[PDB]
Amino acid sequence: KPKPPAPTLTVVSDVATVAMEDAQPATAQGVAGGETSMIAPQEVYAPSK
Amino acid sequence: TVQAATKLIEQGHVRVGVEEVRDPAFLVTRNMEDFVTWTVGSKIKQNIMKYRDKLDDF
Amino acid sequence: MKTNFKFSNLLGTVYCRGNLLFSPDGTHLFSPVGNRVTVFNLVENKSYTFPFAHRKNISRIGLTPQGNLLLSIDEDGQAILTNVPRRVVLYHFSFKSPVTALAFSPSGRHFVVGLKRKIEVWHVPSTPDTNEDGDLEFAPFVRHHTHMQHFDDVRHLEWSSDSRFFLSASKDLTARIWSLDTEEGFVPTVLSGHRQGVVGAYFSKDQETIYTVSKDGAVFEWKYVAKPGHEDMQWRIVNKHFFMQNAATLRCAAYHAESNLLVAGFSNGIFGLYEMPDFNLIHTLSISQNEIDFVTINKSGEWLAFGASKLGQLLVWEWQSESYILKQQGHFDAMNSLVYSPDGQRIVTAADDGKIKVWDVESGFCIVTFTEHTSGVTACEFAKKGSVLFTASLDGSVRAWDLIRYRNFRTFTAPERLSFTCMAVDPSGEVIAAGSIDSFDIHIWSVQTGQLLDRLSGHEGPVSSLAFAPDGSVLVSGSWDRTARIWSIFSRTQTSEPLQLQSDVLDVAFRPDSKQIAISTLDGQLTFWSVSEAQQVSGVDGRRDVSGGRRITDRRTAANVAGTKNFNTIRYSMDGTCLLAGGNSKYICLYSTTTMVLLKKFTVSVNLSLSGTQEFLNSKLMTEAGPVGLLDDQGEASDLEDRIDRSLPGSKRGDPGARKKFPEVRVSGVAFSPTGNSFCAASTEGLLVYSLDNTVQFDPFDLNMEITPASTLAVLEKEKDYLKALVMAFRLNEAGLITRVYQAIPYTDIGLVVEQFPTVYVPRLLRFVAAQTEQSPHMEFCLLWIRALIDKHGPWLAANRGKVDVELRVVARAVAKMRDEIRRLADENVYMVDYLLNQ
Amino acid sequence: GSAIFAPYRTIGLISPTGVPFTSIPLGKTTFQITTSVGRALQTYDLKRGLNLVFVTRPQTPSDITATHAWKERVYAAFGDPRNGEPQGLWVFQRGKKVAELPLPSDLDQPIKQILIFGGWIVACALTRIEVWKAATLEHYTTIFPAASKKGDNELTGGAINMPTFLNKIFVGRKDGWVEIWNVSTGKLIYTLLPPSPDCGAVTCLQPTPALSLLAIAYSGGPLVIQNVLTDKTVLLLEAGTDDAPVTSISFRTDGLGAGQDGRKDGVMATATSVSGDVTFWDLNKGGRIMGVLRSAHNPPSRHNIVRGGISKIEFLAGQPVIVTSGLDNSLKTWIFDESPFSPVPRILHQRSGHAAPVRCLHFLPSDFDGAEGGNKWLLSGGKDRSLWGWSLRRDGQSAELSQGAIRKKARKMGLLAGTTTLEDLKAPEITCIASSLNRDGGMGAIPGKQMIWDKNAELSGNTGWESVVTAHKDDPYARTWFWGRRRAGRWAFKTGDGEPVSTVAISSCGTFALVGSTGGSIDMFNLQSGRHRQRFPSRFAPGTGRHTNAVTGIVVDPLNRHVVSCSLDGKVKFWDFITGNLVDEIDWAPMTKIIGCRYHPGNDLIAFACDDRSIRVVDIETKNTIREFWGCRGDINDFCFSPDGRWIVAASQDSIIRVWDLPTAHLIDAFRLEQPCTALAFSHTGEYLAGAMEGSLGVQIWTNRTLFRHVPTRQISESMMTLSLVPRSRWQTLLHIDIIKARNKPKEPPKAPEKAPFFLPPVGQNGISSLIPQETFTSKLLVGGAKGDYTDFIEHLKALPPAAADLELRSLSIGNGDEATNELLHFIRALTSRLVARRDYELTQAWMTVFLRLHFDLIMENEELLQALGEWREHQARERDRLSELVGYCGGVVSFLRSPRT
Amino acid sequence: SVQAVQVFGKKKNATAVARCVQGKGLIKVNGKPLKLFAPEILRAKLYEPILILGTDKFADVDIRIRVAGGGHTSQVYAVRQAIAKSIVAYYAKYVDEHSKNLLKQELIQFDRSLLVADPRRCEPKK
RNA sequence: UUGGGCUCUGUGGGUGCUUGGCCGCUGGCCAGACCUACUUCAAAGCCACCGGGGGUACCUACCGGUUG
């Protein structure tokens with residue numbers, strides 16, 4: 001039995017999927033690949049009270 | 001006797017889960033004592049079925 | 001289908017116990033894995049693998065500085081040389097020693113090799129590539145000089161730049177200078193003075209000073225000056241200094257002589273580099289927790305290459321830019337499972353070490369690592385979208401990643417803490433099915449909300465392998481309670497139908513036509529059922545059809561031996577007509593699903609480090625001390641970090657000590673590919689990616705007697721009956737000809753020929769247009785093709801929809817590549833330019 | 001010569017000439033036994049088994065008559081000058097020539113033997129001795145013996161050396177005389193005659209271990225040993241008959257082995273070449289006989305095909321081994337023991353080959369892709385009735401296949417001394433073989449020993465059963481063979497008709513084996529059980545497809561669906577296997593007569609050799625002929641496809657090999673051979689081709705120069721918006737080159753010291769990279785814009801690496817504000833030009849996006865570019881409209897096809 | 001030596017031991033022969049394995065069968081099962097395993113129960 | 001098919017792609033030969049695995065002192 005789940009937080013950035021990947025001379029990803037921000041519009045903003 | 005048990009599992013009639021086991025230090029935790037049983041094509045298992053008279057040849 | 005799968009490339013393991021190389025062109029990287037050598041072309045992201053495969057693992061890789069020729073040597077000294085640009089293997093040759101040291105002269109006329117003590121220099125062989133009217137010789141090498149002037153292991157050799165002298169750096173604190181041929185004003189000479197054996201020794205550019213770099217981190221520069229008493233001169237040291245690495249030795253040492261700068265990697269996994277003749281420290285950094293096994297340098301001298309043995313951990317480091325060129329990490333405990341992607345582009349693996357990683361098929365790289373799980377990671381799967389991935393791992397968490405934002409947008413866990421051995425997902429991308437091994441219950445969670453839905457139950461044992469029928473109507477379980485179990489869930493009754501078997505289950509599969517299931521049980525036989533009428537329709541007993549055995553400490557005969565006689569994992573053909581099935585064995589089997597006979601049998605590995613790769617061991621391996629591959633050879637190690645054994649007594653599964661000398665070969669997973677034509681197998685040789693071999697084999701479809709390539713060209717050019725030419729070209733089924741005519745015909749008659757084309761041939765046609773759309777640059781033309789094709793044969797295509805399933809998928813991925821490839825840029829550019837036009 | 005194959009090796013042969021072998025001791029341990037293949041020399045270690053140490057390259061243009069071994073080197077005299085062939089003498093060392101020698105010009109004599117001593121080398125040709133200084137390798141002089149008779153002058157016997165004499169050699173004559181020659185000044189110094197001149201011609205002579213004591217052997221029957229300085233007889237032996245002359249002897253030099261107690265010394269061995277039995281004398285009391293190794297080699301016979309006869313015998317020095325070789329391709333070694341005293345020795349190595357030309361050849365299929373490949377085991381069925389698993393890899397793991405204890409059954413019969421012969425006791429000469437190794441489990445297949453050819457299943461069905469079927473000459477049984485145990489197996493089927501077997505093929509699954517009779521019966525056995533599954537036909541019209549004529553050329557479709565039967569006369573019948581019935585016949589009866597079939601799996605291909613000198617290839621899936629090849633002028637001997645399907649190769653009786661490129665239906669290769677080839681074969685990797693000739697025993701093996709180097713031969717004989725080839729990767733990193741640099745930075749930074757060493761040493765090519773090729777790209781663009789053709793600058797922009805490209809594009813400007821000066825505007829014009837040329841749309845949009853991204857402010861600040869911008873915009877609008885319309889249309893309808901039912 | 005195959009078959013509470021060895025060819029039940037032991041209508045259900053298999057298979061071996069437990073129709077299905085698993089096991093262990101696999105194909109494709117005592121336990125609709 | 005058979009016990013190749021035996025090795029030696037000379041200058045540092053709790057007078061390691 002592994003362990004009870006202890007809650008863990010982990011931060012992500014605003015930079016892109018290419019920043020998430022590892023290191024290599026090319027990005028594999030396409031051209032529309034790269035301009036996605038790793039977070040969602042919700043994350044950058046939602047209207048709220 | 002645990003000597004003769006070592007001899008068996010060194011020849012390899014003794015399965016765990018679904019694998020066979022050679023390493024005679026495979027520390028059987030309590031969830032696996034219920035599972036560690038005899039292997040597929042074993043003269044031993046066929047001997048047991050011989051004595052208790054169900055010896056399926058299939 | 002056309003089932004002739006020659007060995008296409010290795011993949012997913014990235015460095016073995018070996019020596020790195022550059023093409024002299026400065027772009028391609030040679031590196032050894034297992035017993036094959038892969039090349040990474042760096043400029044275009046590409047990799048491939050040669051068609052040879054030694055027996056033992058690679059130990060040395062040397063190149064001809066011309067570039068075309070390669071010699072790679074294994075442990076125990078077996079040797080193979082190949083021509084590179086035409087990737088064929090030329091020769092096999094046996095040193096009588098287990099090789100350690102190797103270098104070719106820059107002149108490319110001889111090479112030197114250092115065996116355990118003996119030093120050798122042989123010629124280079126005249127290649128059939130190089131002579132105009134040439135042949136394979138019998139004895140391809142001719143042995144020029146030997147040298148027994150030397151007292152221990154000979155661990156590095158290096159030529160001069162004028163290809164006339166060479167340096168031998170020993171393991172007995174000595175170096176020696178050696179003449180190629182008998183010079184006049186010369187004596188072959190020694191150089192001594194270190195404290196722990198030298199690793200490198202090299203000439204200067206102006207070949208007067210020579211450097212040595214010796215294992216306790218002591219670099220000595222030597223000049224040939226007079227003795228301190230002034231005809232009489234002497235090789236002595238002009239000066240010396242030490243790397244100030246506190247607490248290790250260096251193992252690896254290399255140095256560019258043109259640009260006069262030196263690099264040294266140490267046991268603490270840091271390396272440094274230095275502007276040499278003045279001895280200033282350029283910089284240094286730590287790469288990896290383990291250590292450095294080998295360093296080598298660009299021919300131009302811009303790039304540095306590190307190979308770290310104990311992990312994957314290749315990295316190539318540009319130094320003056322203080323930047324990585326690449327940082328790759330092949331796995332380091334075995335691979336429990338894998339899948340392809342519904343892209344078809346790339347495949348995802350999940351190891352038992354803790355990392356999961358996404359390999360690209362082209363360009364040999366793990367594009368992505370995730371390390372969110374803390375334990376061994378069993379099975380991995382894809383929802384039909386191919387953008388969400390599901391892993392299930394021993395820590396008790398089913399993690400659910402997204403792959404277009406790269407984050408685990410859920411995790412799951414059972415209430416009482418369990419350890420999922422197996423899982424899958426509904427192809428909806430909406431429901432996850434997991435199966436433990438502690439509690440037998442099979443859980444089902446909602447993707448869209450995450451909170452638990454239903455603990456299915458019914459099982460007299462742990463549930464062993466799970467899958468959804470690809471339509472999504474049926475969940476199928478197999479458990480070790482001798483039983484397989486049809487769970488129909490999404491019906492309003494959530495019903496269950498049993499299926500009694502003969503013994504325990506091991507792996508399940510479906511047919512893309514969702515009517516048929518294939519379950520692979522423990523006696524080893526496959527049983528094939530139709531789902532609706534739950535009746536068994538076929539069976540294959542394949543025990544002798546898979547037994548290959550005789551491991552170390554396997555004291556049954558290779559025939560009798562238990563536990564190598566079952567398929568650990570089967571998988572269906574994308575065309576839906578052939579099983580593939582591999583497991584704890586030596587062999588992968590390939591079965592016909594209807595005729596039930598064996599199509600094909602592949603061996604997984606020729607290697608001999610691994611145990612079960614040959615079904616009989618040999619007498620002269622066996623000693624009066626048991627098998628020789630059981631001696632705890634740890635005592636004869638030079639490093640304390642290699643003398644310790646931090647092992648565990650008796651852990652088969654994940655134990656960090658990694659005693660790991662001589663392991664098994666288990667075909668732990670297989671997977672076809674969603675473009676057909678290729679499949680793969682996850683093994684502890686890394687990962688092997690087989691494909692069909694079309695172009696190397698002539699195959700007529702249904703030929704005639706009058707259809708020659710010249711006949712096709714004639715009716716193409718003079719007669720110009722383009723339809724007839726095309727159908728003859730496909731009928732002949734050869735790549736270059738079909739290419740030629742396809743390029744030839746006009747883009748106005750295209751509608752004519754496709755409207756008159758025959759629909760039996762049309763799917764193979766679709767495939768060919770897909771290949772052209774991808775790799776040939778005649779894009780707009782290929783698009784006119786695909787337009788006319790579907791516009792002419794829609795309702796027939798929609799009528800079958802399944803008999804062409806791979807052709808559909810490949811054309812869809814092709815126009816997706818084109819789509820995301822160009823039209824984003826087109827729209828973005830016209831929008832931007834419209835804006836700046838409008839101020 | 002050939003335009004494809006180069007003769008790589010005459011494999012399968014150890015000693016086919018009468019040639020005296022040679023053996024140089026080495027170390028205190030090892031011996032080199034070196035014999036002539038017949039084109040090159042070969043050397044064999046003795047201690048490391050008899051594994052092939054060296055072969056010689058290049059081969060010589062003639063037969064090799066003479067060879068000898070000195071310090072390490074081997075001297076090879078070749079060439080019969082009396083008939084055309086040029087001759088000569090070469091020095092190899094480690095198998096490559098290190099020297100040649102000057103020969104006498106006036107040398108019309110083939111050269112018998114070489115002999116090396118003092119510092120001189122000695123050549124005995126036919127009647128005339130030449131000598132060389134071996135130190136400088138120079139012809140010293142030439143010796144000539146004289147006689148009254150052209151009989152009497154002939155240099156037979158030989159010429160050896162007295163162990164301790166000085167520069168003297170010993171020659172024997174055709175007359176019974178022996179002549180001592182001081183070779184220093186070239187002077188006949190003594191002559192000796194034999195007692196009882198009824199003895200005719202000295203046959204062989206050899207110096208004893210004793211001092212000054214020589215053994216001359218006359219054809220007339222006596223041996224004699226003499227004090228070669230007192231010329232007194234020491235021993236005389238009636239040791240040969242006038243029919244059987246002693247032709248090579250060798251003395252033991254050990255110290256023990258005589259006097260009926262093994263302790264005393266003086267044992268010698270004598271050999272003829274009219275028998276194959278060697279003889280051992282104990283010299284001690286008066287020279288008694290002590291024994292006969294009866295039939296060490298095969299006994300020679302003139303009426304028999306089986307070659308025999310014994311070449312030479314050496315007692316190697318100091319040790320009781322004694323090496324024999326004969327004619328029949330066999331090199332054996334024998335040894336005396338001690339503690340049982342042995343009159344005759346026992347065998348302690350042997351290496352053999354055939355005794356006749358190789359009749360059939362067959363590569364073994366792939367050990368799937370494992371250790372073999374396909375090219376390790378070439379199987380040879382040989383007219384001395386054997387079957388040989390040849391290695392091509394390690395030529396000491398080639399093993400004969402045993403038919404059971406054939407040698408023992410002979411020696412308990414009487415076939416050895418003098419009712420048949422040994423090859424008659426074997427199984428008869430082999431017609432054609434066929435194999436599989438799906439289920440030959442290697443060695444421990446069926447543990448315990450199992451009977452042979454006799455006419456249980458848990459244990460077989462675990463490991464592996466018989467795997468190589470073989471049809472013999474005239475026996476209506478068809479034999480089986482284990483391949484895992486190298487031995488004969490336990491099944492030997494009849495025909496059902498009783499007629500002799502014609503051919504036999506085997507399943508893909510290795511289970512079934514079908515035999516093909518000359519009566520027309522086609523029977524099927526299940527091999528593992530020795531049983532009889534299906535007869536063809538069993539019991540179009542069922543129960544009737546019976547072949548009238550001989551059935552040659554069956555093969556299994558690899559699904560076990562069809563069998564395909566080839567009659568001798570007439571027709572090919574595809575049978576439904578599992579029924580046992582005729583499905584479809586095709587008929588070429590009234591014009592042709594098919595002799596054989598070759599089948600290609602994986603492509604559903606059959607080839608037929610038919611008696612009109614034609615080869616008809618039919619694709620079995622479509623049951624109609626696809627090719628018919630017309631090249632043969634002789635009767636087709638053998639023919640086989642290469643596993644690519646690209647070639648079909650044949651050699652007829654016309655001593656000519658032809659090769660057709662199959663799909664092009666053309667004649668690629670054709671060449672002539674010294675003997676017509678009697679069996680070709682092709683390995684399963686496309687690499688090697690095997691062939692066997694007629695008369696020489698042992699095969700030739702060729703490689704595939706087409707596979708290794710591109711050969712451009714095809715000589716039929718008689719006797720619209722495209723893109724560019726840029727790595728899409730390369731422009732992909734060009735598009736995104738900021739963030740890839742950000743990620744290829746490491747997270748931890750390197751540890752620079754405080755005193756950073758300024759002015760890092762120069763790298764790359766001249767301070768810049770190695771990937772920028774070498775000849776002011778500003779000058780390039782400006783000169784294209786001064787001109788109109790931007791193509792040089794453009795292909796150069798293709799020719800940049802990504803970082804240099806990005807750097808070049810960021811280093812653009814307006815400059816002086818004059819119209820001709822702005823990199824920006826002229827770049828825009830370049831892109832327009834590329835678009836209207838419709839060439840590099842991809843790279844166009846790429847450079848467009850990046851350039852706009854990095855120049856937006858200035859081009860907003862100006863408008864003199866913006867007009868050409870709008871022109872570009874229009875062209876872009878048209879092109880993107882057309883293209884995006886096409887691609888979106890297509891991708892959408894393809895989605896709709898993949899998933900219609902929503 | 002003397003070949004032996006000893007097989008089981010089973011149903012709700014019948015138990016069918018059957019031994020199959022080399023012989024003339026007879027087929028027996030408890031000590032009485034085959035066409036006689038039954039509720040005299042179900043003898044087709046007894047015959048079914050011989051009639052799928054063709055008797056030219058069966059003319060090698062001898063099949064004793066014992067039975068007990070349960071009612072008639074239980075016994076009957078048991079005997080057909082032990083017949084079949086008998087003759088396929090004897091083909092497994094003393095003639096070619098290829099004839100085993102082909103025979104198993106004929107049998108299973110006819111019906112499953114003829115080789116597998118696929119039993120009935122209780123699991124309704126939960 | 002003019003002896004048969006079991007069982008045991010030796011030797012030889014094989015059971016991994018064929019480049020020689022030896023030595024003070026660019027040569028020699030396999031019958032071996034010569035056998036002891038020659039010298040400017042000791043050293044750079046670090047780490048280096050015994051099962052847990054426990055006592056510690058003596059030995060030791062260290063750290064800080066003290067006279068001479």
# chains A, B, ... in the order shown; residues from 1 in each chain; ligands from 1

call {"tool": "interface_residues", "arguments": {"of": "chain F", "to": "chain C", "cutoff": "8 Å", "atoms": "only C-alpha atoms (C1' of nucleotides)", "output": "PDB file with C-alpha atoms (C1' of nucleotides), in the first residue's frame"}}
result
ATOM      1  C1'   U F  15      27.970 -26.021 -28.488  1.00  0.00           C
ATOM      2  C1'   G F  16      29.425 -17.284 -30.384  1.00  0.00           C
ATOM      3  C1'   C F  17      32.765 -14.369 -37.306  1.00  0.00           C
ATOM      4  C1'   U F  19      44.515 -13.504 -38.700  1.00  0.00           C
ATOM      5  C1'   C F  25      58.930  -7.079 -29.352  1.00  0.00           C
ATOM      6  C1'   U F  26      59.448  -1.571 -35.539  1.00  0.00           C
ATOM      7  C1'   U F  40      69.505  14.318 -11.689  1.00  0.00           C
ATOM      8  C1'   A F  44      50.354  18.062  -4.893  1.00  0.00           C
ATOM      9  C1'   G F  45      45.680  17.742  -2.188  1.00  0.00           C
ATOM     10  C1'   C F  46      40.726  15.151  -0.895  1.00  0.00           C
ATOM     11  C1'   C F  47      37.611  10.871  -0.090  1.00  0.00           C
ATOM     12  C1'   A F  48      37.838   6.005   0.991  1.00  0.00           C
ATOM     13  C1'   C F  49      31.290   1.403   3.520  1.00  0.00           C
TER      14        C F  49
END

call {"tool": "select_by_dssp", "arguments": {"residues": "range 460-651 of chain C", "states": "alpha helix (DSSP H)", "output": "PyMOL selection string"}}
result
chain C and resi 640-643

call {"tool": "write_last_selection", "arguments": {"atoms": "C-alpha atoms", "output": "short mmCIF file (atom, residue, chain, number, x, y, z; two decimals), in the first residue's frame"}}
result
data_model
loop_
_atom_site.label_atom_id
_atom_site.label_comp_id
_atom_site.auth_asym_id
_atom_site.auth_seq_id
_atom_site.Cartn_x
_atom_site.Cartn_y
_atom_site.Cartn_z
CA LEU C 640 35.43 2.03 -4.55
CA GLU C 641 32.11 3.23 -5.92
CA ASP C 642 32.41 0.13 -8.11
CA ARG C 643 33.59 -2.20 -5.32
#

call {"tool": "interface_residues", "arguments": {"of": "chain B", "to": "chain E", "cutoff": "10 Å", "atoms": "only C-alpha atoms", "output": "tab-separated table (two decimals) with C-alpha atoms, in the first residue's frame"}}
result
chain	number	residue	atom	x	y	z
B	53	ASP	CA	-7.06	-38.79	-7.80
B	54	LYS	CA	-8.27	-36.18	-10.20
B	55	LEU	CA	-5.31	-36.38	-12.49
B	56	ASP	CA	-6.50	-34.38	-15.41
B	57	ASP	CA	-4.46	-35.05	-18.51
B	58	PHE	CA	-5.95	-31.91	-19.90

call {"tool": "atom_distance", "arguments": {"atom1": "CA of residue 688 in chain C", "atom2": "CA of residue 329 in chain C"}}
result
16.8 Å

call {"tool": "atom_distance", "arguments": {"atom1": "CA of residue 1 in chain A", "atom2": "CA of residue 437 in chain C"}}
result
10.3 Å

call {"tool": "select_by_dssp", "arguments": {"residues": "range 632-869 of chain D", "states": "strand (DSSP E or B)", "output": "JSON list (two decimals) with C-alpha atoms, in the first residue's frame"}}
result
[["chain", "number", "residue", "atom", "x", "y", "z"],
["D", 636, "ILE", "CA", 19.28, -26.19, -67.51],
["D", 637, "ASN", "CA", 21.39, -27.50, -64.69],
["D", 638, "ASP", "CA", 20.25, -25.33, -61.84],
["D", 639, "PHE", "CA", 18.38, -22.12, -61.24],
["D", 640, "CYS", "CA", 17.22, -20.10, -58.23],
["D", 641, "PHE", "CA", 15.71, -16.67, -57.35],
["D", 647, "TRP", "CA", 17.02, -11.61, -59.95],
["D", 648, "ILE", "CA", 16.50, -15.08, -61.20],
["D", 649, "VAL", "CA", 19.73, -16.91, -61.91],
["D", 650, "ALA", "CA", 20.33, -20.04, -63.94],
["D", 651, "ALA", "CA", 23.17, -22.11, -65.27],
["D", 652, "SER", "CA", 22.43, -24.50, -68.08],
["D", 656, "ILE", "CA", 27.10, -20.28, -68.88],
["D", 657, "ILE", "CA", 25.32, -18.52, -66.06],
["D", 658, "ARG", "CA", 22.61, -16.07, -66.98],
["D", 659, "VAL", "CA", 20.78, -13.68, -64.68],
["D", 660, "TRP", "CA", 17.57, -11.89, -65.51],
["D", 661, "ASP", "CA", 16.31, -8.87, -63.73],
["D", 666, "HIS", "CA", 15.86, -8.31, -68.91],
["D", 667, "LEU", "CA", 19.23, -9.98, -69.16],
["D", 668, "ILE", "CA", 21.62, -8.44, -66.70],
["D", 669, "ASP", "CA", 24.36, -10.94, -66.13],
["D", 670, "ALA", "CA", 25.93, -13.80, -68.07],
["D", 671, "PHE", "CA", 29.34, -15.40, -67.92],
["D", 672, "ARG", "CA", 31.18, -18.55, -68.88],
["D", 677, "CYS", "CA", 27.85, -25.51, -62.80],
["D", 678, "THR", "CA", 25.84, -28.33, -61.36],
["D", 679, "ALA", "CA", 24.16, -26.70, -58.37],
["D", 680, "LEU", "CA", 23.53, -23.08, -57.56],
["D", 681, "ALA", "CA", 21.82, -21.65, -54.52],
["D", 682, "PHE", "CA", 21.20, -18.29, -52.99],
["D", 689, "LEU", "CA", 25.60, -17.06, -53.94],
["D", 690, "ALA", "CA", 26.63, -20.66, -53.70],
["D", 691, "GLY", "CA", 27.56, -22.89, -56.58],
["D", 692, "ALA", "CA", 29.07, -26.29, -57.21],
["D", 693, "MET", "CA", 30.91, -27.29, -60.37],
["D", 699, "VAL", "CA", 31.88, -25.59, -53.91],
["D", 700, "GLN", "CA", 32.57, -22.09, -55.08],
["D", 701, "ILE", "CA", 31.06, -19.19, -53.14],
["D", 702, "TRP", "CA", 30.51, -15.75, -54.63],
["D", 703, "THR", "CA", 29.53, -12.40, -53.13],
["D", 704, "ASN", "CA", 27.28, -9.70, -54.46],
["D", 765, "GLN", "CA", 35.98, 27.94, -39.30],
["D", 768, "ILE", "CA", 32.60, 31.50, -37.11]]

call {"tool": "closest_atom_pairs", "arguments": {"of": "chain C", "to": "chain A", "cutoff": "6 Å", "atoms": "only C-alpha atoms", "output": "CSV"}}
result
residue,atom,partner,partner_atom,distance
C:325,CA,A:25,CA,5.6
C:326,CA,A:24,CA,4.1
C:327,CA,A:23,CA,5.1
C:368,CA,A:21,CA,4.9
C:395,CA,A:2,CA,5.4
C:405,CA,A:38,CA,4.6
C:417,CA,A:1,CA,5.8
C:418,CA,A:1,CA,5.7

call {"tool": "write_last_selection", "arguments": {"atoms": "N, CA, C and O atoms", "output": "short mmCIF file (atom, residue, chain, number, x, y, z; two decimals), in the first residue's frame"}}
result
data_model
loop_
_atom_site.label_atom_id
_atom_site.label_comp_id
_atom_site.auth_asym_id
_atom_site.auth_seq_id
_atom_site.Cartn_x
_atom_site.Cartn_y
_atom_site.Cartn_z
N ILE C 325 23.13 21.39 -26.51
CA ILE C 325 22.63 21.00 -27.81
C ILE C 325 21.58 19.92 -27.68
O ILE C 325 20.53 19.99 -28.31
N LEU C 326 21.83 18.94 -26.82
CA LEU C 326 20.75 18.05 -26.43
C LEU C 326 21.10 17.36 -25.13
O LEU C 326 22.27 17.20 -24.78
N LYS C 327 20.05 16.93 -24.42
CA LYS C 327 20.17 16.34 -23.10
C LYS C 327 19.21 15.16 -23.05
O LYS C 327 18.09 15.30 -22.59
N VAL C 368 9.73 14.50 -24.59
CA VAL C 368 9.28 15.03 -23.31
C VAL C 368 9.52 13.98 -22.24
O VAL C 368 9.40 12.78 -22.49
N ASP C 395 2.24 3.90 -7.36
CA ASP C 395 2.03 4.75 -6.20
C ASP C 395 0.58 4.84 -5.80
O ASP C 395 0.26 5.55 -4.85
N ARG C 405 -1.15 20.95 -23.47
CA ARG C 405 -0.79 21.96 -22.51
C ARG C 405 0.20 21.43 -21.51
O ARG C 405 0.70 22.21 -20.70
N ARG C 417 -6.11 2.50 0.04
CA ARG C 417 -4.99 2.82 -0.82
C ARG C 417 -4.60 1.58 -1.59
O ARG C 417 -4.36 0.53 -0.99
N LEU C 418 -4.57 1.66 -2.90
CA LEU C 418 -4.35 0.48 -3.69
C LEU C 418 -3.14 0.68 -4.57
O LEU C 418 -2.55 1.75 -4.58
#
